[PDB]
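Novice: Have a look at the structure that comes next, please.
Values quoted throughout were computed directly from the atomic coordinates according to the rules given, and no laboratory measurement underlies them. Positions of Cβ are generated from backbone atoms using ideal geometry, with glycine treated the same way; all protein chains shown enter the neighbour counts.
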Amino acid sequence: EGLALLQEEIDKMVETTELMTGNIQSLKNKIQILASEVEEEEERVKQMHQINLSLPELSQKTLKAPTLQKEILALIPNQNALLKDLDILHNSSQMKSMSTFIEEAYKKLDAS
Amino acid sequence: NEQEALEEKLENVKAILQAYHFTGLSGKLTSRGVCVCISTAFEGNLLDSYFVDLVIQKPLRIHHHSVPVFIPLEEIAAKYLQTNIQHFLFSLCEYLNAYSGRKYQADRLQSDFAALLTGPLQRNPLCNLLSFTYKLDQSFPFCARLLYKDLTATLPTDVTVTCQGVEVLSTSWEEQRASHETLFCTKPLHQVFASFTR
Amino acid sequence: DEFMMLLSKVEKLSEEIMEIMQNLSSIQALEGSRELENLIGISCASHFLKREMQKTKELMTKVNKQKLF
Amino acid sequence: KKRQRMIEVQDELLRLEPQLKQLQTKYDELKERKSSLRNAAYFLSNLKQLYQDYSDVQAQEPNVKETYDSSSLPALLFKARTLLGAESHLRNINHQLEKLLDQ
Amino acid sequence: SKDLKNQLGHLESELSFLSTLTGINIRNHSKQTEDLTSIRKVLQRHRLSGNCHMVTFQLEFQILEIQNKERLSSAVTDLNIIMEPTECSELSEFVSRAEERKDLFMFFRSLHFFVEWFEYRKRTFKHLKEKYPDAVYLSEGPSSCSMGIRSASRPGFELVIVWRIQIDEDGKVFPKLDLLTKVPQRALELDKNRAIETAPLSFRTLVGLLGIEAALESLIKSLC
């Protein structure tokens, strides 16, 4: 008889109405609890950085991109063979004249 | 002649003004404001335009808007109308182009490759979800659910490929189910239905 | 006009800078993998540059002769 | 009697499922924020200390050779782009002169 | 002719108005028509050159205007964009992909977004260099790809944060601002917490809690 059909949904509701009382309000109750502490430590670091232009927000996806520092390293193999012969590039007096040349010229075009 | 002179620029200014409509939204000044005609496209194939009148007053009020009330114009209006009126008209393009980017996919799915699908496509007046069942024809049924939720882009964000009647022995379900999800994530609809019947 | 005595040094450096770049066997093996060039966001080939150094030795004599600012 | 448990149980789950995820995610919207704040505080609490410890050792020797770890490698590659890709810069300023070419 | 001059004063009152709100103005737009006799399709090619902010550029393209009262549709057959050689390969793929997708509304869609980000790059590196001009050095001007954070006192140790805006495979704009570390090993000899390594992973979550403006002035205040 039809109770076999109705037997499955008498539990389907109790599975969820007993699910709401614990999963909904408790999560609600413990959000103002976190939001309390969440506010606090922000002020503890507002002690070390100022509170406040209108710089916009970045998505969750810009941050989930590969950290470009680790990508520079993985990109080129035998990197430690590079760094040894890389100090002597910045070192020699030739490059110290080019680095300032590019900047010393860029500085005046942005004003005029 | 004071006529022969003004003739050189009027024929050129009346057509380069009609060239803004080729680039995107163009504009026609009016008495109580300006008319802004947001124009859409999905890969070179032009779809329908949308004009959004607007009054040059404070606070800005939209006189009329031919964009659907189905898109969240009001939500983006408030966020961006009074401030960055130029940005209002571009975030709007991100939603209007996304819609006409999806409508031109599903309506081409129905208009062309309909013999493959058993039950009709299930769309939303926003083309927000596409659920649809369909068979690679021996008899190999499938079912899938395109879940669009990024309102800006034209390709989905969540994909399902649960076929009714998948056999565990035939991994060709799995092997094709995996290529059904992945290609729905990176290539448009009408472009893969032509790649699997070539 | 302090560059007119630095630029004439660059064509002496053009030698000295390209030699010490090519004398470092790791500079010349990283370009040609152009995937390495676009992260940095600049070119890295330098042997064809023996005349771009001249293409600027050309126009840097054109800057200060006018000195338009 | 198939009516009651339809309109009452189905609307039950359809009314309480979205209310739940708004709580699962906001509860995790702040837990993931609580994680971050104890990290950013840690990262500043070291970098401020490290720099001025390097300060007190910098003053121990005025000029000195400074070995580089396998960490400072990506940055030298950047600051050297002005040398490596001098072409483009030296060609770009040639056309920056061409902004002033009409003068 | 009185009003024939006021027609220019009013239809040019439309030209600048568009150049302001769009950010896109238009200069040369020649028009070319082609009839084909053989339900009747007609083709036009026309070339256009405009400019956005500092970005100057030219568009040459063709449209396959199909004509039929039952199908008044339209399409394009081939675009070809050429721009100036810039240092960002995005502008070499900006052409490389737009030709395989061929709509120009997305072209002008992201370019508004692109130059709008690029101007954040300029205004912030100009806002930091007016507030902290003794610790920030712009490697390649106010339009530089990044920023140095050092002094003439400790040159062997700086932090360069890299402002890198890009455009995805979809055709939409995706910036990415992460961190690099320039340091001598002598400073690692003393670092006991070793937060210098987990610096990009920390920095990609440093702009999260604070935003660009607040994270970076924090990282500059922690340095000095």
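Novice: From the residues in segment A:85-109 that are out of contact with any strand residue (DSSP E or B) (no Cβ under 9 Å at 6 or more places or on another chain) and basic (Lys, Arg), which one is farthest from E:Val207 (Cα to Cα)?
Specialist: Among them, the one singled out is A:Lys96.
Novice: Pairs, please: C-beta under 8 Å, at least 6 apart or cross-chain, first residue facing chain A (nearest Cβ under 7 Å) and part of a loop (DSSP other than H, G, I, E, B) and in segment D:1-12, second among the basic types (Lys, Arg) and surrounded by 11 or more Cβ atoms within 10 Å (Cβ to Cβ)?
Specialist: D:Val9/A:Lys12
Novice: Here's another thing I want to ask about it. Quick one: which of B:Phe132, B:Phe51 is within 23 Å of B:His21 (Cβ to Cβ) and more than 14 Å from chain E (Cβ to nearest Cβ)?
Specialist: Exactly one residue qualifies, and that residue is B:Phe51.
Novice: Starting from segment B:25-39, keep only residues that are more than 11 Å from chain E (Cβ to nearest Cβ) and surrounded by fewer than 16 Cβ atoms within 10 Å (Cβ to Cβ), then list their pairs with residues that are of a type outside the set (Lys, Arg) and in a strand (DSSP E or B) whose Cβ atoms are within a distance under 8 Å, requiring at least 6 positions of separation or different chains.
Specialist: Matching pairs, first to second residue: B:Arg32/B:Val55.
Novice: Return yes or no: is D:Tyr27 among the aromatic types (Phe, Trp, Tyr) and either farther than 23 Å from E:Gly148 by Cβ or within 14 Å of chain C (Cβ to nearest Cβ) (or both)?
Specialist: Against the criterion (among the aromatic types (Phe, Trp, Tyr) and either farther than 23 Å from E:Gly148 by Cβ or within 14 Å of chain C (Cβ to nearest Cβ) (or both)), D:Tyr27 qualifies.
Yes or no, residue by residue, for (1) within 27 Å of D:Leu73 (Cβ to Cβ); (2) more than 7 Å from every other protein chain (Cβ to nearest Cβ); (3) surrounded by 15 or more Cβ atoms within 10 Å (Cβ to Cβ):
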residue	(1), (2), (3)
C:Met5	no, yes, no
C:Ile17	yes, no, yes
C:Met21	yes, yes, yes
C:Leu24	yes, no, yes
C:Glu31	yes, yes, yes
C:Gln54	no, yes, no
C:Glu58	no, yes, no
C:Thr61	no, yes, no
C:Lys67	no, yes, no
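Novice: Which pairs do you get when a residue that is over 15 Å from E:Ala215 (Cβ atoms), found in segment D:27-46, comes within reach of a residue that is assigned to a helix (DSSP H, G or I) and not aliphatic (A, V, I, L, M), reach meaning Cβ atoms under 8 angstrom, with the pair 6+ apart or on two chains?
Specialist: Once the first residue is over 15 Å from E:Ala215 (Cβ atoms) and sits in segment D:27-46, its partners that are assigned to a helix (DSSP H, G or I) and not aliphatic (A, V, I, L, M) give D:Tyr27/A:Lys30; D:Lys34/A:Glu37; D:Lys34/A:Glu41; D:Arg38/A:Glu41.
Novice: So if I check each of D:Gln52, D:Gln58, D:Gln103, D:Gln96, which one is away from chain C (no Cβ under 12 Å) and farther than 23 Å from A:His90 by Cβ?
Specialist: Result: D:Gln52 is the single residue among D:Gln52, D:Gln58, D:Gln103, D:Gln96 that is away from chain C (no Cβ under 12 Å) and farther than 23 Å from A:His90 by Cβ.
Novice: Quick one: how many residues across segment E:156-191 are part of a loop (DSSP other than H, G, I, E, B) and more than 9 Å from chain D (Cβ to nearest Cβ)?
Specialist: 5
Novice: While we're on this one: Could you tell me whether E:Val76 is surrounded by fewer than 16 Cβ atoms within 10 Å (Cβ to Cβ) and aliphatic (A, V, I, L, M)?
Specialist: No; evaluated as a whole, the condition is false for this residue.
Novice: Right, something else. Which of (1) farther than 30 Å from E:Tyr137 by Cβ; (2) within 14 Å of chain C (Cβ to nearest Cβ) is the odd one out, the single condition D:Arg91 does not satisfy?
Specialist: (1)
Novice: Taking segment C:41-59, which residues are assigned to a loop (DSSP other than H, G, I, E, B) and β-branched (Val, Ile, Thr)?
Specialist: C:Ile42
Novice: If you don't mind, there's one more thing I want to ask. I'd like the full set of residues that are exposed (fewer than 15 other Cβ atoms within 10 Å of the Cβ) and of a type in the set (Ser, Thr, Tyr), limited to segment E:6-53.
Specialist: Of everything in segment E:6-53, those that are exposed (fewer than 15 other Cβ atoms within 10 Å of the Cβ) and of a type in the set (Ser, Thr, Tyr) turn out to be E:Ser13, E:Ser16, E:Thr20, E:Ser30, E:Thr33, E:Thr37, E:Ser38, E:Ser49.
Novice: Something else: Filter segment D:72-103 down to residues that are assigned to a helix (DSSP H, G or I), of a type outside the set (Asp, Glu) and closer than 30 Å to E:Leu159 by Cβ, then give me how many there are.
Specialist: Qualifying residue count, segment D:72-103: 19.
Every residue, every condition in (1) closer than 30 Å to C:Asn38 by Cβ; (2) of a type outside the set (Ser, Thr, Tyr), yes or no:
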{"residue": "E:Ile24", "(1), (2)": "yes, yes"}
{"residue": "E:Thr56", "(1), (2)": "yes, no"}
{"residue": "E:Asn68", "(1), (2)": "no, yes"}
{"residue": "E:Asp78", "(1), (2)": "yes, yes"}
{"residue": "E:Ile82", "(1), (2)": "yes, yes"}
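Novice: Another question, then. So which of A:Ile51, A:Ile72 ends up being under 27 Å from E:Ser143 (Cβ atoms) and within 13 Å of chain E (Cβ to nearest Cβ)?
Specialist: After applying the criteria, what remains is A:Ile72.
Novice: Moving on. Residues B:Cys163, B:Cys127, B:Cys185: which one is surrounded by fewer than 15 Cβ atoms within 10 Å (Cβ to Cβ) and either at negative phi or not in a helix (DSSP H, G or I) (or both)?
Specialist: Selected residue: B:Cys185, the only one of B:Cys163, B:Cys127, B:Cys185 that is surrounded by fewer than 15 Cβ atoms within 10 Å (Cβ to Cβ) and either at negative phi or not in a helix (DSSP H, G or I) (or both).
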